[PDB]
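Contents: one structure, followed by commentary.
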Amino acid sequence: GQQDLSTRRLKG
Amino acid sequence: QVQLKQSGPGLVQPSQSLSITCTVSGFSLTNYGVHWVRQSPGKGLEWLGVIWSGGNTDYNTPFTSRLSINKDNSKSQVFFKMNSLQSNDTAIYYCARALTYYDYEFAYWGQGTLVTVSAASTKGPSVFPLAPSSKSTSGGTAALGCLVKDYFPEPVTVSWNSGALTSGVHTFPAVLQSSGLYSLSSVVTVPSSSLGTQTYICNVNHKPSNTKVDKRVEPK
Amino acid sequence: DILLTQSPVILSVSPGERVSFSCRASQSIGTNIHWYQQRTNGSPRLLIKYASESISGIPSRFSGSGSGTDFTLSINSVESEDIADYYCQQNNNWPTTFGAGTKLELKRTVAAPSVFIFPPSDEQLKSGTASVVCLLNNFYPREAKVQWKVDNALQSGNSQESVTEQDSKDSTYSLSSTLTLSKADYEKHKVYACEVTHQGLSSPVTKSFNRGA
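Protein chains in written order, with PDB author numbering: chain E, 1 to 12; chain B, 1 to 220; chain A, 1 to 213.
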């Protein structure tokens, strides 16, 4: 549900 | 064509100020407004503000006091500056241009600038080879890689053979070790029979620390 | 500030199926909504403007509809290059705001991992640390177990995993498990083994090496 700055993809 | 190019990612210490430069081409700043958007874990996508063709600025409400946008039309540069950053201001910052001069549908984006707000210090990575062997060959395919260890902050860029090798590359997401430094591996699979003839180099760039390393990876 | 609610959080579909993304607004916004795609390590890419209008260079399989508060982004026959997050944006009211995004995952047939193991390099050992890397390559689905053993002692807590996002071409994942020892510990033992369990393997696969060769 939250964005992940490492991958720029939504993760949980 | 239309491009927007941002300055590199970096560390900012708490309470200090963030500065990003957008350099545009394919259009003139006197004809289009340039907007600033960020992407954070807390707030997601968040429009920050805009400097218009004529130099006027608008700032999203929570940032009016600590945000400031300027530009040099002749140099095709837009300067983003935000004051007193805290940890939740860690985010990817983008400049964007819309389709028309007055609108907000963002057809053109910069590449993003990952900004980390941390009291810590910048630290370049050490790069170690993940050497192919028999324990890493399967049916004519060998796997090889680079261990990019103990750096801060994110990001690091990894390519193979200066861009020419892209097929079969997996650069893994960074993981934060208990030391508070990041580590990752980048792998590629190749024909084992080419290990004799071809050269395999991972090109590592840690822009926050100005660390560029080229690591040759050879069978051991 | 208009609240944009995207649902669901994650969409999982098979290649060729249809798929719709919902964006609901907290008050009427007319057709003043735009849609964006974001791929792994990418910047957003404008797909639709004003609920339904095409954008130059965007595959025709992308379409949008809706008005008022209920909006839909549709892909009529999904491809693996569509693996991404998708966001809506409203601009009927200042300031412009974005939804929180729906993730698009793709189903595919089961693919067993190819397993490779890498001892620590002599370069790393000079620093007094030992990383042992186990690579699980090009597998589906995402669930996998990696079990580390050092001279038949089960390792626990001294490894870290990383998984790539889904591949845009073949829809697989790859995973890395890194086991981290001190040089002294590493030098004190001989057999280093990575055991991999996955739905595509009929029995666990073990890749091991003896320190030295």
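Beta carbons are placed, not taken as given, at the ideal position from N, Cα and C, and that holds for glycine.
> For residue 221 of chain B, which residues of its own chain have a beta-carbon under 6 Å away from its beta-carbon, when the five flanking residues on both sides are left out?
Replying inline: Outside the shown range of chain B (1 to 220) lies residue 221 of chain B, about which nothing can therefore be said.
> Looking only at C-alpha atoms, which of A:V146, A:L175, A:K188 and A:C194 sits nearest to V187 of chain B?
Replying inline: A:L175
> For a contact meaning CB atoms closer than 9 Å, what does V9 of chain A contact in chain E?
Replying inline: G1, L10 and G12
> Is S208 of chain A near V196 of chain A, with beta carbons less than 9 Å apart?
Replying inline: no
>> Taking the alpha carbon of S54 of chain A as the reference point, which residue from A:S7, A:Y36 and A:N41 has its own alpha carbon closest?
In response: A:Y36
>> Against chain A, with Cβ distances strictly below 9 Å, would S185 of chain B count as a contact?
In response: yes
> Taking only beta-carbon atoms, is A144 of chain A less than 9 Å away from chain E?
Replying inline: no
>> Give me, in chain order, the residues of the same chain whose beta-carbon lies closer than 8 Å to that of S74 of chain A; leave out the 5 immediate sequence neighbours on both sides.
In response: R18, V19, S20, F21, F62, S63, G64 and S65
> Can you give, in chain order, each stretch of the beta strand (DSSP E) that sits fully within the stretch 163 to 187 of chain B and has at least 3 residues?
Replying inline: 169 to 171
> For a contact meaning CB atoms closer than 8 Å, what does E165 of chain A contact in chain E?
Replying inline: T7 and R9
>> Quick check: the Cα distance between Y200 of chain B and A131 of chain B, rounded to an integer number of angstroms?
In response: 10 Å
> At which residues does the alpha helix (DSSP H) containing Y186 of chain A begin and terminate?
Replying inline: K183 to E187
> Can you list, in chain order, the residues of the stretch 142 to 155 of chain B whose Cβ is nearer than 8 Å to any Cβ on chain E?
Replying inline: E154 and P155
> Taking C-beta to C-beta, are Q147 of chain A and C194 of chain A nearer than 9 Å?
Replying inline: yes
>> My assumption, with CB atoms under 8 Å, is that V13 of chain A sits in contact with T102 of chain A. Please give the rounded CB distance.
In response: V13 of chain A to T102 of chain A, Cβ: 12 Å. No contact.
>> Mapping the DSSP letters down to three states, classify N137 of chain A as helix, strand or coil.
In response: strand
>> Per DSSP, what are the beta-bridge partners of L114 of chain B in this structure?
In response: B:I92
> If you measure from the beta carbon of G33 of chain B to each beta carbon in chain A, is any gap under 9 Å?
Replying inline: no
>> My output table needs one value for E123 of chain A: the three-state DSSP class, helix, strand or coil.
In response: helix
> Hey, quick one: how far does the beta strand (DSSP E) through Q37 of chain A stretch, first residue to last?
Replying inline: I33 to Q38
>> So that I know if they touch, is there some Cβ in chain E lying closer than 9 Å to that of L114 of chain B?
In response: yes
> Can you round the beta-carbon distance between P120 of chain A and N137 of chain A to whole angstroms, since I take them to be within the 8 Å contact cut?
Replying inline: In fact, because the Cβ distance is near 20 Å, the residues do not count as touching under 8 Å.
> At a Cβ threshold of 9 Å, is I20 of chain B touching chain E?
Replying inline: no
> From this set, B:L4, B:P208 and B:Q177, which residue's C-alpha is nearest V117 of chain B's C-alpha?
Replying inline: B:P208
>> Tell me the rounded alpha-carbon separation between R97 of chain B and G33 of chain B.
In response: 7 Å
> Around the C-beta of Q1 of chain B, are 16 or more other C-beta atoms found within 10 angstroms, so that it is buried, or is it exposed?
Replying inline: exposed
> So, do the stretch 147 to 163 of chain B and the stretch 108 to 116 of chain B have three or more beta carbon pairs nearer to each other than 8 Å?
Replying inline: yes
> Would you report the Cα separation of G26 of chain B and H170 of chain B, rounded to the nearest angstrom?
Replying inline: 33 Å
> Thinking C-alpha only, which one of A:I33, A:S162, A:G157 and A:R45 is nearest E143 of chain A?
Replying inline: A:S162
> Are residue 222 of chain B and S76 of chain B close, meaning C-beta to C-beta below 9 Å?
Replying inline: Nothing can be reported for residue 222 of chain B, as the shown portion of chain B is limited to 1 through 220.
>> Just to make sure I have the definition right: I need the residues of chain A whose C-beta is within less than 7 Å of the C-beta of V175 of chain B. Which are they?
In response: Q160 and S162
> Checking contacts by CB at 9 Å: is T90 of chain B closer than that to chain E?
Replying inline: yes
>> Less than 9 Å between CB atoms is the rule here; does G101 of chain A satisfy it with respect to chain E?
In response: yes
>> So for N161 of chain B, helix, strand or coil by DSSP?
In response: helix
> Straight-line CA distance for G68 of chain A to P15 of chain A?
Replying inline: 31 Å
> If you draw a straight line from the alpha carbon of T23 of chain B to that of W47 of chain B, how long is it in whole angstroms?
Replying inline: 19 Å
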